[PDB]
């Protein structure tokens, strides 16, 4: 496993799902709910096979959260950052589509960040590909501490996004354990 210098990590969770999930006798004991999640994850995967997103590499799916890294170049020089943002919006456009036929109002919460990461595989039994590094942590932290229908990015990230054409608003200060307090911004739409 090698180490990259500039990889854009993104997290798009759905905090509204956990409540949606319910193991009742009628829905096959939570089985039906998962079916809806399948139509969600799948719907989000149909984007990976799209020209403009040929650079987006889905890493994994944490529960009901989507994780994709843009910048691994496999499996401007910082343009992959803006692309990742376009993938975030892309997900939104599809989550809302689901609601249309689902009757829900599922809102996506995205936290994007970029920086050095260590891509590779771990686990002897069934080897799996995953990335490591402080970069991913901050990204995640900007998802668990974000806002529905909003993308939370750090300073350095906000700056680059602006050089790309995006406007950002300072949310305030967020605390990331082991890193203290940081200043995040919301990508204006």
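Residue numbers count along the first chain shown, from 1. The term rigid core refers to the maximal set of C-alpha atoms that superpose within 1.5 Å between the two forms.
- Looking at 23-31 and 36-44, the one farther from the shown form in 8 other deposited structures of this protein by average CA distance, after a rigid core fit, turns out to be 23-31.
- Taking the root mean square of CA deviations in 8 other deposited structures of this protein after fitting on the rigid core, 117-125 and 56-64 differ, and the farther of the two is 117-125.
- Notably, residue 75 is an intermittent gap: at least a third of the other compared entries of this protein, restricted to those modelling both its neighbours, have no coordinates for it.
- Per the record, residue 75 and residue 76 are separated by 10 or more deposited residues that have no coordinates.
- Of the two stretches examined, 11-19 and 161-169, the record assigns the greater average C-alpha temperature factor to 161-169.
- The stretch with the higher mean CA B factor, choosing between 127-135 and 141-149, is 127-135.
- Out of 39, 57, 45, 156, the entry records its largest CA B-factor for 156.
- Going by the entry's values, 80 shows the largest Cα B-factor out of 80, 94, 109, 114.
- Ranked within its chain, residue 34 lands in the lowest third, by CA B factor from the PDB record.
- In the PDB entry, residue 50 places in the middle third of its chain by CA B-factor.
- In the PDB entry, a CA B factor belonging to the lowest third of its chain's modelled residues is recorded for residue 62.
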